[PDB]
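Residue numbers (the authors' numbering), protein chains in the order written: chain G, 0 to 255; chain H, 1 to 255; chain L, 1 to 165, 171 to 255; chain K, 1 to 166, 171 to 173, 175 to 255; chain I, 1 to 255; chain J, 1 to 165, 171 to 255.
We put the beta carbon where it would ideally sit given N, CA and C, even for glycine.
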Amino acid sequence: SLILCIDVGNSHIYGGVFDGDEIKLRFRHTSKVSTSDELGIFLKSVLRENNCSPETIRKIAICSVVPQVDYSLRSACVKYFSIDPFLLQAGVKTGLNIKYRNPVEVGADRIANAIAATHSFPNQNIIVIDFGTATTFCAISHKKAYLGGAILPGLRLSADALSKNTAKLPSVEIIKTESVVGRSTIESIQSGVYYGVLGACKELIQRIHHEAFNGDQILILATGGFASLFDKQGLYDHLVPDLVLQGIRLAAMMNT
Amino acid sequence: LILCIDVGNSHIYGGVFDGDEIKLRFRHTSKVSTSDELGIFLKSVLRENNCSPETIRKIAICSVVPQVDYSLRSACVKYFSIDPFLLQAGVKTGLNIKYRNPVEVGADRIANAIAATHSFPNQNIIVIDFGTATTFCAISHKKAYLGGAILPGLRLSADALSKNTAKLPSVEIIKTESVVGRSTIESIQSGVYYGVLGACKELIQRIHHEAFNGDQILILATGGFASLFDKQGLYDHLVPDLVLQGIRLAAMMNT
Amino acid sequence: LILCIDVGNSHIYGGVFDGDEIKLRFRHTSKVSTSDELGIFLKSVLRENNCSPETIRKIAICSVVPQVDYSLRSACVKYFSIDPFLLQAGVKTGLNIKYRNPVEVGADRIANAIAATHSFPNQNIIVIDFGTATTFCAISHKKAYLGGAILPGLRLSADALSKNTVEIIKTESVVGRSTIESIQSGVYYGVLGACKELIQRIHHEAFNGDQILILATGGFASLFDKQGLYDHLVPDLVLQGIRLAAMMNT
Amino acid sequence: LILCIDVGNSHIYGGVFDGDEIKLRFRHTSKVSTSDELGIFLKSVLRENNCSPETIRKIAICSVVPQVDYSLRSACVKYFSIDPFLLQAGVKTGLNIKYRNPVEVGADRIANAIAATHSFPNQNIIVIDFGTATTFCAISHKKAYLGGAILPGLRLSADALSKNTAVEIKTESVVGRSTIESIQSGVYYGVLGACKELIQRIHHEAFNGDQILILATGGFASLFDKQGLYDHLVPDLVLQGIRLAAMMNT
Amino acid sequence: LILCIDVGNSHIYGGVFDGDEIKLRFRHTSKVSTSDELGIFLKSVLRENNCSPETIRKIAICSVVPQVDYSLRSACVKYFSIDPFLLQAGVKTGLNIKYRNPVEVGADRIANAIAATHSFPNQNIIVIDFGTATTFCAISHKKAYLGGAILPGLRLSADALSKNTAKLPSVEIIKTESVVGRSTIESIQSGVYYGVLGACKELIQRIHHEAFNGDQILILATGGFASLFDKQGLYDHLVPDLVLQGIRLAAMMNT
Amino acid sequence: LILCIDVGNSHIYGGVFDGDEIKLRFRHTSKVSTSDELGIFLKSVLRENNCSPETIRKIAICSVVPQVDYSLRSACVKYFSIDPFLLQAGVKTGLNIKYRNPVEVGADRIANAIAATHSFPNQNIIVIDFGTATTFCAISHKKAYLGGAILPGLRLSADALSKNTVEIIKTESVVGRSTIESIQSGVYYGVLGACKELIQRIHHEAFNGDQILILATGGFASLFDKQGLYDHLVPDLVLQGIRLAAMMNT
């Protein structure tokens, strides 16, 4: 009765074994081109080497936004674990009213956020912010209706696209900046992308607050890798770093 | 008549002046590569817009892509018989740069400050450029370039989301009206419009409190994507040819 | 004189009509170009071919690549003072689109369907384009684009083999005694039979076995004139139907 | 117990035999790797599938990607203490390679031909390999490898279209009413008739109307188990022929 | 007036000969162009450089990039009304190729050999082309093309160190005086100048003592990086236009 | 027992010392990798080569790729619980770096210098590292790192030729009668002469006539043993000098 959850994202393949409610172990793999044996050898070794026998995993649930790793992870599960995994796909039970034109366009990771956000915080209007590969914003009503949202590039994708498409301009590690007026080009990208997403969040919060929720009170939820660089500030109420893996389990239980 | 040429990372942007006013403007790719190639284009771009190539007796070049420099300079001497003005490190700009290394400041950021502190001589200036990158530059009233910030532009943001994120398509940049996107196409448009809008709002007010700490300022916007933020009250002035103006003023300072 | 421009994936194909007939034709690569780059090519390519650019009174554009569409429009207004006809969403095509989403159909597929039905009026038509892709389109006698199929082209298929592991000639052998011969025997006989499998399976799915006409167009269309696969080779079909779409929208 | 490895352009395909029958098969990606990575993977992929690494007494390798060969050979002396049989130009194959330069024929095409003529001995055979590329090999009843044709794969064809324009691999619909629908109406029925043409042309150019037999190997072979394209579906044809080639040379 | 075209991997290189001497030279970026893009440039680059396109009577094409060949040949028949001479398999070269596959030799190495052994008619020659790749060719006094060797060019040897490395810049190719560089920039320059200098020295006298056994030879050198080794007594003659000379010579041989 | 890890531009080269001698060396490709991907690999490579990961109590890391840095650090503190020694800016080395900025000397050049001055204590040393870059290093007998030269390596040189227009062999003749033989005969005798020039120029410049000891290391070093080029071939020179710098510190 140890479940396993996987988020196949663009930056990483992200896993976490839940013993009921609390995560005993989390792991990471690169989302590359891999076979069901390569992924099968990995999933067993990554469990075993961290005080956790592979033969104890009773259920697997899968969430993905990369279709090219989909067949090979499903096939890895049916070979190395004897589990046909739960696929977070359209249209299983979610408990949510998708307000998109095409409900299939909403990625399963944003759905998993919205499932966990409305479980952990049941009766409030929610903005969820993922500071991951992208910087996604999503509005959800208190009646569990996924309204939609906005998608920006991440802090890595902001600082790397500058170095990629411009000559004589380097790449930089993301840290918190104190001053907005850089006396180096290196300090201009630091001030620019830090205080740029810091104002992008503030603006997207208030535009959505008044437009999606007509002025009603909200709960702001943060998740993702670059989330803890903004706890000083504005900006959001709860930092829930496992909001994706929580809701994969929570979608697997809706479909058991 | 002077030909002013800006070499950016996506566009070579040129333009001709008849003393003070601009007769003609043109664009090119920062790609095409030989002196023969550039020299055919420069001569045919002037001729098809009713402006004989032989009338050009002055050329001035600001550039930020060094791989275009050699053959563009070489395109000028072969086809026009003009050794162009190079907006470089060591040439007479009428300003002190407050960088730790004043060679690290690009030629376009200098040229925008030159033209800004010429047009509005005794005011603190925040110049925003909306191009390949969205740049914020802080210049004080005594012609001092203090540095500033750089963001990825509107086009570089959207194209980062279509390349590094699978199952996400490339989008058009419009003045978006719905902040809550009902499609993947609409979510990215709302993101690259209200994301930069608040990034402008934040960076402008933070610079105002740090470099100037509450003093009087004048906001100047330039760039290709600058037209989309007219309605807001985000900038005081919109100067579409601010880079091409400052190449002319720096050539004037060094002629 | 009317200048018709067809934006493809590989080449921006262009022609200029002296009323009914094409006087001169030219080709440009589909790439990154500004309005000044496009207009300089456009004004020059006429002028070097004994055609003053000022004789051109009409411009009509069919496009499949959106990243060329703004600067190509803006080239015509600056260098010719002509606002071009854009075969796009909403314009008078004069036919019945049977797709799920009618705007998902390419502008090249509409222009081909318009022209073929004009020259051959009361007939059911399969139009094969042998271009960047090899496309098959079922159009009925009642001016109804029922749909069809899209294979990879001869160039794309031969290039994808070399990419992840050649000159397209009329092969006489299937048993290649070299690795160069085996790829050439591959794309020839494997599309000659792809056509037979497409031409005949559509023949019953779209016309239930009725009397049809098979038109072929493109650059790789010539290499199948021996086998008796299609009836007519019309190389300028796309350009005819940009002119025709401009005529209905005059 | 023999470990047989096929090194292809997209995959390393391996299998362990207990004599004639197969008890385990596996797959790795063909990338730049080291002898240590490959030797960890190999020892791991065996043990976790209940075949203990120490039971392997022979290793036999056939390869078509020369840059994977050195580290995979070295992985066997370091981690298994076996210098593997290499299916290289010059070893005993038992077949007359009628190519102009017989070294051109890949080890994969040779391995399939050895296995095809061992299992179905005195017969003319078309072996089709639905892999990276769709290959058609002609082999006579006299065990002469005559040559053949190479079409790009079904994956390469579905990817070439999307890559060079501004889908997942049975299609019942020939007339497409979507772009994602016309692409698989094109792909499925295009290679279906490609094979149909290639088969009967090889059947008449190489075998002049004689009784042939058709074998199909590869991961995309099962998509044509309905249409009566081939006689036999042998999915491990490449691995049987490595095992047979080792046997001839040991 | 004869027009000689070379198609290298970096550039399309042209030069119009007034009989024996080159009136004008030019350059086009070797990209997949069309039959019409190429035809515009050729008639424009001549016209802007005081040489009318009609005065050209013949054309001669050397090629190593086959993808540029179809449309450049088409650019001549359509726009110039001239069917170009093509230097390839079949035509008169006046050489005996000692390659295992005589087709595998590039047309430009064939071009170079024809000019070298015309300028220096009874000698053993090692020709070194310091271009994109630094190639070496042994040619006997009997005009036997025996073959040779090919090294990465000085630009390749610099760009390989930076593009295939994290934390290493791309460097300028200068004549340095030290081999003990005390900066990263200096270390690559000292290696990329003195690594090639010794590579040339070894490839010269390995071929001298194996293809010519130890007899009288003459070392010619062509290319854009040839003049960096002019001091060191490496070669006998710097011939800048060795390719175009050899294209014109082969045109003459076959007309 | 101590693990020394050399992060290169192509390979991550590890080694386990039990006192003075290497018991096992291994190799991983320098890729985008996580702490979990690397930590699994590390614990797995040791065990498969008769060495339990629990017996390792010390880890040292020299690195030239700073993107490998963070995740390799994390894999040490998690999967091994050993916070690794980093040969970085500021650690004790016991040598005078005569660079204008001593920081810009790669951590891999410091490791080669340390080990050469340890093994051969009172001698002027050239060290040639035939790796990704073919590097040259002048170290005086008083242990002054005087600087040096950097060439592209044998792999990058050959691969630059085919990416802009082979497998690395010791060629017997300069006269290539093939394109393959021409790239083989330029790269072999080119680096042979490059060495001969960069050895003889450093000898006259950095020491200036006096006795020198030429040492060779790296993977492409093996091919030049015949030409009397270097004095000693120490293939583990980097790993020894990673160990020695950990011995000088912590």
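* Mind listing the chain H neighbours of residue 41 of chain I? Cutoff is C-beta to C-beta under 7 angstroms, in chain order. => As a first step, residue 41 of chain I is located in the fifth sequence; it is residue number 41 there, counting from the start. Residues of chain H passing the Cβ test: 40.
* To do: Go through its chain and collect everything with a Cβ distance to residue 72 of chain I's Cβ below 6 angstroms, but skip five positions before and after it.
  => What you label residue 72 of chain I is simply residue 72 of the fifth sequence in a count that begins at 1. Excluding sequence neighbours, residue 72 of chain I sits near 38.
* Asked: Using CA coordinates, which residue listed in K/77, K/118, K/140 and K/56 is at the minimum distance from residue 96 of chain K?
  -> Locating residue 96 of chain K in the fourth sequence gives position 96, counting from the first residue. For residue 96 of chain K, the nearest C-alpha among the options comes from K/140.
* Would you check if the stretch 233-252 of chain G and the stretch 208-216 of chain H touch, i.e. whether three or more CB-CB distances between them fall below 8 angstroms? => no
* Since residue 29 of chain G meets chain J, which of its residues come closer than 9 angstroms, beta carbon to beta carbon? -> In the first sequence, residue 29 of chain G corresponds to position 30, counting from 1. Residues of chain J passing the Cβ test: 31, 32, 33, 34 and 37.
* 7 angstroms Cβ cut-off: residues of chain L touching residue 79 of chain I -> Mapped onto the fifth sequence, residue 79 of chain I falls at position 79. 48, listed in chain order.
* Tell me the DSSP bridge mates of residue 152 of chain H? -> If you number the second sequence from 1, residue 152 of chain H lands on position 152. For residue 152 of chain H, which the question treats as bridged, DSSP gives the partners H/133.
* To do: Hey, could you find the ends of the alpha helix (DSSP H) residue 208 of chain H is sitting in?
  => If you number the second sequence from 1, residue 208 of chain H lands on position 208. Looking at the DSSP string, the run of the alpha helix (DSSP H) that includes residue 208 of chain H is 184-210.
* To do: Output, in chain order, the set of chain L residues within a Cβ distance shorter than 7 angstroms of residue 104 of chain K.
  => As a first step, residue 104 of chain K must be located in the fourth sequence, where it is residue number 104. Simply 183 and 184.
* Asked: Should the stretch 138-157 of chain H be called in touch with the stretch 195-215 of chain H, which here means at least 3 C-beta pairs below 8 angstroms?
  -> yes
* Excluding the 5 residues preceding and the 5 following residue 47 of chain J in the sequence, name in chain order all residues of the same chain whose CB lies nearer than 7 angstroms to its CB. => Within the sixth sequence, numbered from 1, the residue matching residue 47 of chain J stands at position 47. Answer for residue 47 of chain J: 53, listed in chain order.
* **Nearest residue (CA-CA) to residue 145 of chain J, options J/50, J/109 and J/91** => The sequence position of residue 145 of chain J within the sixth sequence is 145, counting from 1. It is J/109 whose Cα lies nearest to the Cα of residue 145 of chain J.
* If you measure beta-carbon to beta-carbon, which residues of the stretch 44-77 of chain G are closer than 9 angstroms to chain J? -> 44, 45, 48 and 49
* **Rounded C-alpha distance that separates residue 29 of chain H from residue 113 of chain L** => Here residue 29 of chain H corresponds to residue number 29 of the second sequence, with the count starting at 1. Here residue 113 of chain L corresponds to residue number 113 of the third sequence, with the count starting at 1. Each residue's Cα considered, the two are about 36 angstroms apart.
* To do: Kindly list, in the order they appear in chain J, the residues whose Cβ is closer than 8 angstroms to that of residue 26 of chain G.
  => Residue mapping note: residue 26 of chain G aligns to position 27 of the first sequence, counting from 1. Result: 36.
* **Contact list for the stretch 189-217 of chain G against chain H, Cβ threshold 7 angstroms** => 190, 191, 192, 194, 195, 197, 198, 199, 201, 202, 203, 206, 207, 210 and 211
* Asked: Applying a beta-carbon distance threshold of less than 9 angstroms, which residues of chain L neighbour residue 140 of chain K?
  -> Sequence index remark: in the fourth sequence, residue 140 of chain K carries index 140 (1-based). Going along chain L, no residue has its Cβ under 9 angstroms from residue 140 of chain K, so there is no contact; the nearest lies around 11 angstroms.
* Residue range of the alpha helix (DSSP H) that residue 108 of chain H falls in? -> For this step, residue 108 of chain H is matched to residue 108 along the second sequence. Where residue 108 of chain H is concerned, the enclosing alpha helix (DSSP H) stretches over 107-119.
* Within chain J, partners of residue 178 of chain I - CB distance below 8 angstroms -> Taking the first residue of the fifth sequence as 1, we reach residue 178 of chain I at position 178. Chain J residues near residue 178 of chain I: 210.
* **Residue environment, residue 55 of chain I, which counts as buried when at least 16 other CB atoms sit within 10 Å** => Residue mapping note: residue 55 of chain I aligns to position 55 of the fifth sequence, counting from 1. Exposed, because fewer than 16 other Cβ atoms sit within 10 Å of the Cβ of residue 55 of chain I.
* Asked: How many angstroms separate the CA atom of residue 190 of chain H from the CA atom of residue 171 of chain L?
  -> Stepping through the second sequence from its first residue, residue 190 of chain H is reached at position 190. Stepping through the third sequence from its first residue, residue 171 of chain L is reached at position 166. Cα-Cα distance, rounded: 46 angstroms.
* What are the partner residues of residue 124 of chain K, as DSSP defines its beta bridges? -> Position 124 of the fourth sequence, counted from the first residue, corresponds to residue 124 of chain K. K/217.
* Would you mind listing the alpha helix (DSSP H) stretches within the stretch 15-86 of chain G that are 4+ residues and don't spill past its ends, in chain order? => 37-47 and 69-79
* Contact set for residue 61 of chain H: own chain, Cβ-Cβ below 6 angstroms, skip 5 residues either direction -> In the second sequence, counting from the first residue as 1, residue 61 of chain H sits at position 61. The answer, listed in chain order, is 5, 84 and 86.
* Asked: What is the rounded straight-line gap between the Cα of residue 131 of chain L and the Cα of residue 40 of chain L?
  -> Residue numbering aside, residue 131 of chain L sits at position 131 when the third sequence is read from its first letter. Residue numbering aside, residue 40 of chain L sits at position 40 when the third sequence is read from its first letter. So the alpha carbons of these two residues sit roughly 26 angstroms apart.
* May I ask you to report which of helix, strand or coil DSSP gives residue 180 of chain G? => Here residue 180 of chain G is taken as the residue at index 181 of the first sequence, counted from 1. The answer is coil: DSSP assigns residue 180 of chain G none of H, G, I, E or B.
* Report all residues from its chain with a CB closer than 6 angstroms to the CB of residue 237 of chain H; omit the five preceding and five following residues, and keep chain order. => Taking the second sequence and counting its residues from 1, the one referred to as residue 237 of chain H is at position 237. So the qualifying residues of the chain are 220.
* Is residue 180 of chain H near residue 157 of chain H, with beta carbons less than 8 angstroms apart? -> As a working note, residue 180 of chain H is residue 180 in the second sequence. As a working note, residue 157 of chain H is residue 157 in the second sequence. No, Cβ-Cβ distance for residue 180 of chain H and residue 157 of chain H is not below 8 angstroms.
* Asked: DSSP state of residue 96 of chain H, grouped into three classes?
  -> As a first step, residue 96 of chain H is located in the second sequence; it is residue number 96 there, counting from the start. If DSSP states are grouped into helix, strand and coil, residue 96 of chain H belongs with the strands.
* Asked: Does the distance from the C-beta atom of residue 35 of chain K to that of residue 63 of chain K stay below 8 angstroms?
  -> Position 35 of the fourth sequence, counted from the start, is the residue given in the question as residue 35 of chain K. Position 63 of the fourth sequence, counted from the start, is the residue given in the question as residue 63 of chain K. Contact: no.
* **Where the beta strand (DSSP E) containing residue 3 of chain I begins and where it ends** => In the fifth sequence, counting from the first residue as 1, residue 3 of chain I sits at position 3. Note, residue 3 of chain I: beta strand (DSSP E), 2-7.
* Please report how far the alpha carbon of residue 246 of chain G lies from the alpha carbon of residue 115 of chain G, in whole angstroms. => The residue you call residue 246 of chain G lines up with position 247 of the first sequence. The residue you call residue 115 of chain G lines up with position 116 of the first sequence. Between residue 246 of chain G and residue 115 of chain G, the C-alpha separation is close to 4 angstroms.
* Ordered along the chain, which non-local residues of its own chain (more than five positions away) have a Cβ less than 7 angstroms from that of residue 26 of chain L? -> Looking up residue 26 of chain L in the third sequence gives position 26. These residues qualify, in order along the chain: 14 and 45.
* **Buried or exposed (CB count within 10 angstroms, at least 16 for buried), residue 166 of chain I** => By 1-based counting over the fifth sequence, the position of residue 166 of chain I is 166. Classification for residue 166 of chain I: exposed.
* Reduced DSSP secondary structure (H/G/I, E/B, other) of residue 233 of chain L -> Taking the third sequence and counting its residues from 1, one reaches residue 233 of chain L at position 228. Three-state result, residue 233 of chain L: coil.
* Asked: Based on the DSSP output, what are the partners of residue 11 of chain J in its beta bridges?
  -> Sequence index remark: in the sixth sequence, residue 11 of chain J carries index 11 (1-based). Answer by DSSP bridge pairing, in chain order: J/29.
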